[PDB]
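Chemist: Contents of data-v1.txt (compact mmCIF, C-alpha atoms and all ligand atoms) are below:
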```txt
# COMPACT_ATOMS: atom_id res chain seq x y z
CA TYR A 1316 -15.70 9.52 -15.50
CA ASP A 1317 -12.00 10.53 -15.64
CA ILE A 1318 -10.09 7.28 -16.39
CA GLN A 1319 -6.79 8.87 -15.24
CA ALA A 1320 -7.97 10.48 -11.98
CA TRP A 1321 -6.91 7.54 -9.78
CA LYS A 1322 -3.21 8.39 -10.15
CA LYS A 1323 -3.28 11.79 -8.40
CA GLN A 1324 -5.83 10.38 -5.89
CA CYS A 1325 -3.28 7.62 -5.06
CA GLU A 1326 -0.43 10.18 -4.80
CA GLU A 1327 -2.53 12.15 -2.27
CA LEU A 1328 -3.46 9.04 -0.28
CA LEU A 1329 0.27 8.06 -0.20
CA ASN A 1330 1.05 11.59 1.13
CA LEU A 1331 -1.50 11.07 3.93
CA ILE A 1332 -0.02 7.62 4.71
CA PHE A 1333 3.52 9.05 4.95
CA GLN A 1334 2.22 11.70 7.40
CA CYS A 1335 0.67 8.99 9.64
CA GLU A 1336 3.04 7.95 12.46
CA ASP A 1337 1.74 4.36 11.96
CA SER A 1338 3.47 4.24 8.53
CA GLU A 1339 7.01 4.63 9.96
CA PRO A 1340 7.95 0.90 9.88
CA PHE A 1341 6.61 0.68 6.29
CA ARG A 1342 8.19 3.76 4.67
CA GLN A 1343 11.26 1.91 3.32
CA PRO A 1344 12.16 -1.75 2.63
CA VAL A 1345 12.73 -3.92 5.74
CA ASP A 1346 16.51 -3.85 6.34
CA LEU A 1347 17.80 -7.27 5.13
CA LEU A 1348 20.71 -7.15 7.64
CA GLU A 1349 18.78 -6.30 10.87
CA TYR A 1350 16.34 -9.21 10.15
CA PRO A 1351 18.49 -11.76 8.29
CA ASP A 1352 15.73 -14.40 8.34
CA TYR A 1353 13.19 -11.98 6.74
CA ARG A 1354 13.56 -13.46 3.21
CA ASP A 1355 13.13 -17.01 4.63
CA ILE A 1356 9.50 -16.01 5.49
CA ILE A 1357 8.77 -13.23 2.94
CA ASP A 1358 9.03 -13.92 -0.79
CA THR A 1359 8.11 -10.46 -2.04
CA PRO A 1360 9.07 -7.54 0.20
CA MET A 1361 7.01 -4.38 -0.26
CA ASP A 1362 6.99 -0.89 1.30
CA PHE A 1363 5.38 2.54 0.64
CA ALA A 1364 8.48 4.12 -0.97
CA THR A 1365 8.55 1.30 -3.56
CA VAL A 1366 4.77 1.82 -4.15
CA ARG A 1367 5.28 5.61 -4.57
CA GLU A 1368 8.22 5.06 -6.92
CA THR A 1369 6.31 2.47 -8.99
CA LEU A 1370 3.40 4.93 -9.32
CA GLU A 1371 5.72 7.84 -10.22
CA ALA A 1372 7.57 5.73 -12.83
CA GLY A 1373 4.24 5.11 -14.62
CA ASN A 1374 4.49 1.39 -13.78
CA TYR A 1375 0.97 0.84 -12.43
CA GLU A 1376 -1.78 0.48 -15.08
CA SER A 1377 -4.64 0.74 -12.53
CA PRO A 1378 -5.33 1.56 -8.85
CA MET A 1379 -6.13 -2.19 -8.37
CA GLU A 1380 -2.42 -2.97 -8.99
CA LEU A 1381 -1.32 -0.29 -6.47
CA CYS A 1382 -3.89 -1.67 -4.00
CA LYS A 1383 -2.44 -5.21 -4.43
CA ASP A 1384 1.07 -3.96 -3.57
CA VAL A 1385 -0.20 -2.00 -0.50
CA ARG A 1386 -2.09 -5.08 0.73
CA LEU A 1387 1.18 -7.03 0.30
CA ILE A 1388 2.92 -4.60 2.76
CA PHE A 1389 0.33 -5.62 5.39
CA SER A 1390 0.24 -9.36 4.64
CA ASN A 1391 4.08 -9.43 4.81
CA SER A 1392 3.96 -7.74 8.23
CA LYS A 1393 1.34 -10.20 9.54
CA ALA A 1394 3.39 -13.18 8.24
CA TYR A 1395 6.67 -12.01 9.79
CA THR A 1396 5.13 -10.89 13.13
CA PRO A 1397 1.94 -12.92 13.71
CA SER A 1398 1.37 -11.90 17.33
CA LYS A 1399 -1.83 -9.86 17.61
CA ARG A 1400 -0.14 -8.27 20.69
CA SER A 1401 2.95 -7.00 18.78
CA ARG A 1402 3.61 -3.31 18.10
CA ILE A 1403 3.83 -3.86 14.33
CA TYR A 1404 0.51 -5.88 14.21
CA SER A 1405 -1.49 -3.13 15.86
CA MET A 1406 0.14 -0.45 13.64
CA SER A 1407 -0.55 -2.59 10.53
CA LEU A 1408 -4.24 -2.99 11.41
CA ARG A 1409 -4.73 0.74 11.97
CA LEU A 1410 -2.86 1.80 8.86
CA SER A 1411 -4.60 -0.85 6.74
CA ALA A 1412 -8.03 0.33 7.97
CA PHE A 1413 -7.11 3.91 7.07
CA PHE A 1414 -5.86 2.84 3.61
CA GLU A 1415 -8.93 0.66 2.85
CA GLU A 1416 -11.28 3.45 3.97
CA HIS A 1417 -9.74 5.83 1.42
CA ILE A 1418 -8.93 3.45 -1.47
CA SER A 1419 -12.53 2.23 -1.78
CA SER A 1420 -13.79 5.38 -3.63
CA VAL A 1421 -10.63 5.48 -5.82
CA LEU A 1422 -11.31 1.92 -7.02
CA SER A 1423 -15.07 2.54 -7.45
CA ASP A 1424 -14.52 5.76 -9.43
CA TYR A 1425 -11.92 4.12 -11.68
CA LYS A 1426 -14.12 1.12 -12.44
CA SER A 1427 -17.12 3.44 -13.06
CA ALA A 1428 -15.02 5.54 -15.51
CA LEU A 1429 -13.91 2.45 -17.45
CA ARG A 1430 -17.48 1.17 -17.68
CA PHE A 1431 -18.58 4.61 -19.01
CA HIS A 1432 -15.76 4.51 -21.57
CA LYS A 1433 -16.88 1.10 -22.86
CA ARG A 1434 -20.66 1.82 -22.73
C1 LIG B 1501 7.54 -3.62 8.44
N1 LIG B 1501 8.65 -3.88 9.35
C2 LIG B 1501 8.81 -5.17 9.81
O1 LIG B 1501 8.06 -6.08 9.44
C3 LIG B 1501 9.94 -5.48 10.75
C4 LIG B 1501 10.78 -4.31 11.21
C5 LIG B 1501 10.13 -3.33 12.18
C6 LIG B 1501 8.95 -3.60 12.87
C7 LIG B 1501 8.40 -2.65 13.72
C8 LIG B 1501 8.99 -1.39 13.88
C9 LIG B 1501 10.17 -1.08 13.23
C10 LIG B 1501 10.74 -2.06 12.40
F1 LIG B 1501 11.90 -1.82 11.81
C11 LIG B 1501 9.81 -6.71 11.62
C12 LIG B 1501 10.67 -6.76 10.38
```
Take the structure in the file and write it out as structure tokens.
Modeler:
Amino acid sequence: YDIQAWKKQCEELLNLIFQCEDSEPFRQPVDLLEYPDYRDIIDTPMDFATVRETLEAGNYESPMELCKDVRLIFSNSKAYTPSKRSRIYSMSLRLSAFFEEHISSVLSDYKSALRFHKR
């Protein structure tokens, strides 16, 4: 029932994601000079270094907010490269499955702790 436990759990899951080779294209913002039409398609760029920095700055109130930003990394990649046969699409699907598999208990434990607090 630890209301704060999600933060270190998210730091550890981000460490695992950075160690995955599938995270390479997502570790820093998409270079706005290599893909000059990126902002024509993507309104809100997102990447794992921005997520880690937002978490470390104390600028997420809950793991649901972190989860929303991570899901935005994958929806941005699917919008910019829609081909299910592209290198980035297949890496996105694998990394997203890994992330969702691990974030599920973090969200459940956080929500359970808040319900216990307000019992
Ligand atoms: C998340 N990155 C992307 O969406 C792009 C760049 C990119 C894709 C694949 C591998 C290296 C890469 F640099 C297409 C813009």
Chemist: Ranking A:1374, A:1407, A:1419, A:1427 by minimum distance to residue 1339 in chain A and counting only C-alpha atoms, which one comes first?
Modeler: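 Looking only at the distances to residue 1339 in chain A, the closest residue turns out to be A:1407.
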Chemist: At a cut-off of 8 Å, can you tabulate as CSV every residue of chain A near ligand LIG 1501 (chain B) together with its closest atom pair and the distance in Å to one decimal, using only C-alpha atoms and all ligand atoms and ordering rows by chain then number?
Modeler:
```
residue,atom,partner,partner_atom,distance
A:1339,CA,B:LIG1501,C9,7.3
A:1340,CA,B:LIG1501,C9,4.5
A:1341,CA,B:LIG1501,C1,4.9
A:1344,CA,B:LIG1501,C1,7.7
A:1345,CA,B:LIG1501,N1,5.4
A:1346,CA,B:LIG1501,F1,7.4
A:1350,CA,B:LIG1501,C12,6.2
A:1353,CA,B:LIG1501,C12,6.8
A:1362,CA,B:LIG1501,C1,7.7
A:1388,CA,B:LIG1501,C1,7.4
A:1391,CA,B:LIG1501,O1,7.0
A:1392,CA,B:LIG1501,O1,4.6
A:1393,CA,B:LIG1501,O1,7.9
A:1395,CA,B:LIG1501,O1,6.1
A:1396,CA,B:LIG1501,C11,6.5
A:1402,CA,B:LIG1501,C7,6.5
A:1403,CA,B:LIG1501,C7,4.8
```
Chemist: Considering all atoms listed in the file, state which residue in the set A:1356, A:1335, A:1382, A:1410 is at the smallest distance from residue 1397 in chain A.
Modeler: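 That would be A:1356, the residue with the smallest distance to residue 1397 in chain A.
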Chemist: Write out as a PyMOL selection string the residues lying within 9 Å of residue 1406 in chain A, counting only C-alpha atoms and excluding same-chain residues fewer than 6 positions away.
Modeler: chain A and resi 1336-1338+1340
Chemist: How many Å lie between CA of residue 1431 in chain A and CA of residue 1316 in chain A, rounded to one decimal?
Modeler: 6.7 Å
Chemist: How far is it from CA of residue 1420 in chain A to CA of residue 1390 in chain A, in Å with one decimal?
Modeler: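 If I compute the distance from CA of residue 1420 in chain A to CA of residue 1390 in chain A, I get 22.0 Å.
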Chemist: Considering all atoms listed in the file, state which residue in the set A:1354, A:1389, A:1325, A:1333 is at the smallest distance from residue 1369 in chain A.
Modeler: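 Ranked by minimum distance to residue 1369 in chain A, first place goes to A:1325.
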Chemist: Could you work out how far CA of residue 1366 in chain A lies from CA of residue 1400 in chain A, giving the answer in Å with one decimal?
Modeler: 27.3 Å
Chemist: Closest to residue 1334 in chain A among A:1363, A:1371, A:1433, A:1355, using all atoms listed in the file?
Modeler: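 So, comparing all the options, the nearest one is A:1363.
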Chemist: With only C-alpha atoms as the atoms that count, which of A:1330, A:1377, A:1343, A:1411 lies nearest to residue 1318 in chain A?
Modeler: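 Residue with the minimum atom-to-atom distance to residue 1318 in chain A: A:1377.
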Chemist: Find the residue from A:1358, A:1317, A:1326, A:1424 that sits nearest to residue 1381 in chain A; use only C-alpha atoms when measuring.
Modeler: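 That would be A:1326, the residue with the smallest distance to residue 1381 in chain A.
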